[PDB]
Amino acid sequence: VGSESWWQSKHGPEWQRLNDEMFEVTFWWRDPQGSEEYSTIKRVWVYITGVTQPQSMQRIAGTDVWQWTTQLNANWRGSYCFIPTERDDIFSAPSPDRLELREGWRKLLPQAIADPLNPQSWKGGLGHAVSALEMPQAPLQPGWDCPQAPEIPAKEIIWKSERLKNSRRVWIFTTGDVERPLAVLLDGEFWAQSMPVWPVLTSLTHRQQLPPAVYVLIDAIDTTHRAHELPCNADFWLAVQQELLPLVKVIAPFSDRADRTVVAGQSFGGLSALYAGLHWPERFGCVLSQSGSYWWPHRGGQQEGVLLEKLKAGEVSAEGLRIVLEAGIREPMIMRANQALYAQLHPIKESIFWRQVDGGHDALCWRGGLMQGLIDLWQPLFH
């Protein structure tokens, strides 16, 4: 116990079913600073997305082994991280009200890390690494169940925008070999380097639920740009349509039918995607919005989003749009903004794929609604 051979047998969280409908899960973490005599580390918080009154892990005394044991639904899937910290003044008061939590986690997350023993760990969105946890009854995810390595790899270029005054990476991936539908994916870096979307796109076209398509993944660059360009920015989409699509056409030709062009985003990208179809239905007729930030730009839920306001004012219309609209239950405020947007899209409820899902504000949940959405929106291609 604590020995190197004891650790070599450990490759991530272990679980065993307690009910038919509950699992017991245990996490391990090996302290790199040894036992309590030499180690700077007093607490190790486990921060589960969707789930997280807070508990640290527990040191078996005289070893480098920190351990923790919880319970998660047999159908539960989400990501987590560790936060080993030198300070145990945070989260010492027996039960915090909310303010203390926001504040507490605010100071800790900087130190967040993935689980070094868990293979399924990536560099994620909010500035720390996370790891992946899936439980046995977890709802199937199209294509992720079956990575089939791609035949030809995706093309990484550098789009130099004259309009935006920046450059960014773009990835061009073609499934199908000789009018391919186009799909623009925002947060491109992520679906390209964090959770390579390729082997998934290959498998699903291979087993013929995705048509041979062309995919363009656009770098968000950084948080400031993403915070300026994704949320309701006309210039971004004009640059895309004028400079990027044309540049892509030379590399990988796609159809110009709107009813088979897709824009797919999450959070700010979800907002962005809807904004793309609302304003340019002649170019983007397919909208896949997951966990879309329809509160923007108002923190609180006090005011409706700009985009919602703008529908209410009939300043914009959602004519000629098939849209997939997805939001989790474990993300309370986004769900309310999304069902509020749904209600305001009463007129075209016919051409909307409404999906209230199990999951959270989680790249591990989104990835399966991403694939399902593509399938839902391109199904008319198999008439």
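The first residue of the shown sequence is 1; numbering continues from there.
Find out whether the coordinates of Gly127 are absent in at least a third of the other compared PDB entries of the same protein.
No, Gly127 has coordinates in all the other entries compared.
Checking the other entries of this protein that model its neighbours, is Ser56 missing in at least a third?
Residue status for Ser56: no gap in any other entry.
According to the entry, how many residues of the deposited sequence fall between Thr70 and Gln71 and are not modelled? Options: none, 1 to 3, 4 to 9, 10 or more.
Missing residues, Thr70 to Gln71: none.
According to the PDB entry, how many deposited residues between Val178 and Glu179 are absent from the model (none, 1 to 3, 4 to 9, 10 or more)?
Missing residues, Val178 to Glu179: 1 to 3.
Out of 57-65 and 341-349, which stretch has the higher average CA B-factor listed in the record?
The stretch with the larger mean CA B-factor is 57-65.
Higher mean Cα B-factor in the deposited model: 33-41 or 330-338?
Result: 33-41.
Take the CA temperature factors straight from the PDB entry and tell me which of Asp97, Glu134, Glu103, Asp256 peaks.
Going by the entry's C-alpha B-factors, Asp97 comes out highest.
From the list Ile90, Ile172, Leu109, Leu140, select the residue with the highest C-alpha B factor recorded in the entry.
Checking the PDB record, the top C-alpha B-factor among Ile90, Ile172, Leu109, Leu140 is at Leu140.
Taking the C-alpha B-factors as the PDB entry records them, is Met22 in the lowest, middle or highest third of its chain?
It belongs to the highest third of the chain when residues are ordered by C-alpha B-factor.
Based on the entry's values, in what third of the chain does the Cα temperature factor of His361 lie: lowest, middle or highest?
Lowest third, going by the recorded CA B-factors of the chain.
Quick one: classify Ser161 as lowest, middle or highest third of the chain based on its Cα B-factor.
For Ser161, the deposited C-alpha B-factor lands in the lowest third.
Taking the entry's C-alpha B-factors for this chain, is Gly188 in the lowest, middle or highest third?
For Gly188, the deposited C-alpha B-factor lands in the lowest third.
Taking the values exactly as deposited, rank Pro150 by C-alpha B-factor within its chain and report the matching third: lowest, middle or highest.
Top third by C-alpha B-factor.
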